[PDB]
Number of protein chains: 2
Amino acid sequence: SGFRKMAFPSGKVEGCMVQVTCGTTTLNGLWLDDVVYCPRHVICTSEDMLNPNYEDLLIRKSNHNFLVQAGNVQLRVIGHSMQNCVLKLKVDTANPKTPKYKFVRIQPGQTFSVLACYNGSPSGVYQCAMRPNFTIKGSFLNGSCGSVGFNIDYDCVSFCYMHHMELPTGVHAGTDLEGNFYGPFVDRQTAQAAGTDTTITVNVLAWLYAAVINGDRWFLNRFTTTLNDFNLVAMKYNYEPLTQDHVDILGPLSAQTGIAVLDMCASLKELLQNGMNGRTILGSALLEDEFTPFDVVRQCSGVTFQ
Amino acid sequence: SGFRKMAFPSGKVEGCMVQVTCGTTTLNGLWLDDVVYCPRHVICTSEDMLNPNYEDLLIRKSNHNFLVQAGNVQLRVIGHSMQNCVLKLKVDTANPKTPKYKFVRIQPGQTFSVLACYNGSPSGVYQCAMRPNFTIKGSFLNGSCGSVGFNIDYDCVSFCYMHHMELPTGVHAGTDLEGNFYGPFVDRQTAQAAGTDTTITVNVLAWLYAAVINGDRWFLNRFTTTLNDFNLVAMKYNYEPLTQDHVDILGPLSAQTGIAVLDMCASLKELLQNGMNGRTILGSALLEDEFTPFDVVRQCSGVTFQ
Ligand SMILES: *[C@@](O)(c1nc2cc(F)ccc2s1)[C@H](C[C@@H]1CCNC1=O)NC(=O)[C@@H]1[C@@H]2[C@H](CN1C(=O)[C@@H](NC(=O)C(F)(F)F)C(C)(C)C)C2(C)C
Ligand SMILES: *[C@@](O)(c1nc2cc(F)ccc2s1)[C@H](C[C@@H]1CCNC1=O)NC(=O)[C@@H]1[C@@H]2[C@H](CN1C(=O)[C@@H](NC(=O)C(F)(F)F)C(C)(C)C)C2(C)C
């Protein structure tokens, strides 16, 4: 038992990180086969990013303006292409440490691991969720751009995020590995707002199930409720509406605990309406919404990868 | 900014994990140079662990009773030695993926990363602290024994923990890489209590500093206090006493924020005495004590390793 925010093992991604320099700007890139991916604003300078014309900027730029280093070793760039908000640099050496991999665009409420990197070197790894408003609550300093977020499916790495920016509220925004932002963000230094965040209801439920599984059951009450009625209370607290797809996704946890989703919902309604009363659930004094059902299933079944 | 429980990148340890089998018992071992380390109770069976005589058990045991696998590849064991609560199996192949490494016995209040493993394969990585009472609050299922805890200093891996058991309170216990338990625990299935846990005061302060650094400063009051007076309140809440060594260790954070440790202490005293009032600090509704000053320094400066 016990319950921790767990990240995937980062070994397979660590071998893919490199440093990309264009003039004085340095950030991280991702080296897969003979291609390096990084944010296109590597080609901008720190003090003129208010509203870049990326096309014009990129036009002063040749293959040789791009310094790519993997550890000590410099790579030769033989080709460059802009794709949405990402630059792709063709290099002359396939990464010998390339994992099996794909590129996926994740959905709001899914989780993934971030390998936070500086100057192309790994600093740390943590787990994050794509919020409903397509931000993440990461931990990212200057130099972190180009750090990636991923999942591991057995031996396969699914890359889903590349870091680009921090928004005024101190949350973070970025793209998929095709260069397309999650959310309405753009890669210029301008005031940009995320909308209202909402709680990922299905995640909160999974976490309530994990609680039960771990023996923490104080909050289970003696009521049940309806989807419709639950959803009336959900909406008022800025919880995402629960659908029957959510109910069915929780099926394993439901089955494993013997507690029907709508019972667990009733418990949740009371926690929403009366707060925790200074108690904790799995050591937390707030309702956690950054574990998917899938996450909970695996931390309570021991899923492995390498 | 932002503030996350961050683990070290796990790549260098992932290449060291193997599966160790003795009869029907399987757990994880750590393969460094030509030696595999694992818990000695790999030689016991699931249902007779009430009070093993490890010496007698080990005596029915020969090199060939030990099945060591690294992925598909079986390793040949040419020698075995019991050291305290660990078994050391000499193998005929040096791990080609051995990192630079040392073995350290950590102190209560230090943090480290855990690579939780099953059947010799990595499942996940998270950060943990050695509690004052020498437990950890991990996330560990059946099969997790032999998973290790570590730090990275630049390119060097310092192994500090090997997992052994879960205690009745749902916390976890284990040894250093020499086989010596942290705390008064022993490797038999018997009711065993950890004493009272205490909060790691210096960590809570570092986390208050991280809060300030991130712009979350609501809790800063207009008082100061004395070590002595602070310590009077500390003791009543089961906080570890703060010493001048602690004060001096917080020096970087102190200097970087302009807030003297004893001011921050005064703020902490009020939080202890009046609670948070339903507010949060770095998104938490409790006082976090699992980040060292060192941890905070690095998540707020971008320390890298590979
Ligand atoms: C990342 O590492 C990058 N740094 C640089 C430096 C250059 F010189 C060129 C290109 C890049 S990308 C930055 C990561 C953030 C630093 C602080 N926390 C981080 O996550 N990303 C940026 O600095 C990013 C780039 C320009 C302005 N950025 C921002 O993140 C800024 N935010 C915003 O303007 C907004 F809209 F509020 F989000 C800011 C104020 C620096 C935090 C661009 C968006 C291209
Ligand atoms: C680990 O993976 C191991 N499993 C086995 C299985 C065998 F057949 C032989 C040896 C081993 S070591 C176990 C990890 C725990 C399982 C549940 N959560 C875990 O962290 N470790 C043990 O099962 C451990 C070993 C015997 C009894 N152990 C306990 O952890 C038990 N706790 C206690 O008895 C005490 F004192 F309360 F702590 C228990 C009740 C199974 C959780 C020994 C201590 C050698």
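In what follows, every chain begins at residue 1, and chains take the letters A, B, ... in the order their sequences are listed. All heavy atoms count here, side chains included; hydrogens, waters and symmetry mates do not.
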Exercise for the section: Answer yes or no: are there more than 12 heavy-atom neighbours, outside B:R105 itself, under 6.0 Å from its atom CZ? Expected result: yes

Practice task
Please report the C-alpha distance between B:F185 and B:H164 in whole Å, then the side-chain angles of each, then the deciding distance to 0.1 Å, and finally whether the ring pair (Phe, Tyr, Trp, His ring centres under 6.0 Å) criterion is met.
Solution key: CA-CA 10 Å; B:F185 306 113; B:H164 284 69; over 10 Å; no

Practice task
Assess whether salt bridge (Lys or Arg N to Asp or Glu O under 4.0 Å) is satisfied between B:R40 and B:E55, documenting all intermediate values.
Solution key: CA-CA 10 Å; B:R40 67 169 174 179; B:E55 254 89 346; 5.0 Å; no

Problem - Donor-acceptor pair between B:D295 and B:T111 side chains, under 3.5 angstrom - result: yes

Practice task
Kindly check if the number of other-residue, nucleotide or ligand heavy atoms within 6.0 Å of CD (B:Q107) is above 12?
Solution key: no

Problem - Criterion side chain to side chain donor-acceptor pair (under 3.5 Å) on B:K5 and B:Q127, from CA distance to verdict - result: CA-CA 6 Å; B:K5 203 136 265 160; B:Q127 192 85 340; over 6 Å; no

Handout entry: N-O pairing of B:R4 and B:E288 below 4.0 Å
Key = no

Exercise for the section: Determine the interplanar angle of the B:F8 and B:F305 rings, folded into 0 to 90°, and report it as parallel if under 30°, tilted if 30 to 60°, perpendicular if over 60°. Expected result: perpendicular

Practice task
Decide side chain to side chain donor-acceptor pair (under 3.5 Å) for B:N133 and B:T135; before the verdict, give the C-alpha distance in whole Å, the side-chain angles of both, and the deciding distance to 0.1 Å.
Solution key: CA-CA 6 Å; B:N133 67 3; B:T135 60; 2.6 Å; yes

Problem - Distance-only side-chain donor-acceptor flag, B:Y101 / B:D33, under 3.5 Å - result: yes

Problem - Considering all heavy atoms, the nearest A:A285-B:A285 contact - result: CB-CB, 3.7 Å

Practice task
Go through the steps for B:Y161 and B:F150 under the test ring pair (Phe, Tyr, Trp, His ring centres under 6.0 Å), then give the verdict.
Solution key: CA-CA 7 Å; B:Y161 175 81; B:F150 60 101; over 10 Å; no

Practice task
Run the salt-bridge test on B:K12 and A:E14 with the 4.0 Å N-O cut-off and return the result as yes or no.
Solution key: no

Exercise for the section: Just grab all the side chain to side chain donor-acceptor pair (under 3.5 Å) pairs involving residues 57-71 of chain B, residues at least two apart or on different chains. Expected result: B:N63-B:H80

Exercise for the section: Find the distance between CG (B:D187) and CE (B:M49) and round it off to the nearest 0.5 Å. Expected result: 10.0 Å

Exercise for the section: Report yes or no: does B:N28 contribute a side-chain atom to a donor-acceptor pair with the main-chain N or O of B:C145 at less than 3.5 Å? Expected result: yes

Handout entry: Separation of B:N203 CG from B:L287 CG (nearest 0.5 Å)
Key = 12.5 Å

Practice task
If the plane angle is over 60° it's perpendicular, under 30° parallel, otherwise tilted; pick one for B:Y37 and B:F103.
Solution key: perpendicular

Exercise for the section: Please check if the side chain of B:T201 supplies one atom and the backbone of B:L242 the other of a donor-acceptor pair under 3.5 Å. Expected result: no

Handout entry: Under 3.5 Å side-chain donor-acceptor pair for B:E47 and B:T45
Key = yes

Handout entry: Whether over 12 other heavy atoms sit under 6.0 Å from B:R188 CZ
Key = yes

Handout entry: Pair B:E240, B:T198: side-chain N/O donor-acceptor within cut-off below 3.5 Å
Key = yes

